[PDB]
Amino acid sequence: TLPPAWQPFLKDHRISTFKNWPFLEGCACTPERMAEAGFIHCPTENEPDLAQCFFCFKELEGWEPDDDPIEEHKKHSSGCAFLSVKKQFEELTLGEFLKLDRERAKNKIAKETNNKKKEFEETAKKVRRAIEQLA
């Protein structure tokens, strides 16, 4: 069908990600509205409401029933190129798409690099504290 590492790109798959999810009809941040904004529901015990943009990888929790998924997304990751995509997926050119997929994988990389940095830095304090205690 569609390459199973490219479905986050189409709304239906994004909706289909919403398994539990509170907030439905009556609320502004429905599945449909989350998915139109780029969100994927990636739930856990510690937080069963966490949403992630498939494109920029921003993770946002603490959803309020009247949060606008789009505004919520602009006012937390102004960078996201997905916000700029104003064409349907089928209406995308292979270039446009391949361009978008380039920036995506990059984001995936920058996100993983920002993470490695922090873990490193945290390790560096514990080592430094320890050798300090020895002082």
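Quick note: we count residues from 1 along the sequence shown, nothing fancier.
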Per the record, averaged over C-alpha atoms, which has the higher B-factor: 46-54 or 89-97? 46-54
Of the two stretches 120-128 and 12-20, which shows the higher Cα B-factor on average in the entry? 12-20
Highest CA B factor of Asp66, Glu36, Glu103, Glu72, as deposited, is found at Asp66
For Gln133, the third of its chain by CA B-factor is the middle
Would you check the entry's CA temperature factor for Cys27 and let me know if it's in the chain's lowest, middle or highest third? highest
Give the position of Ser78 by CA B-factor within its chain, expressed as the lowest, middle or highest third. highest
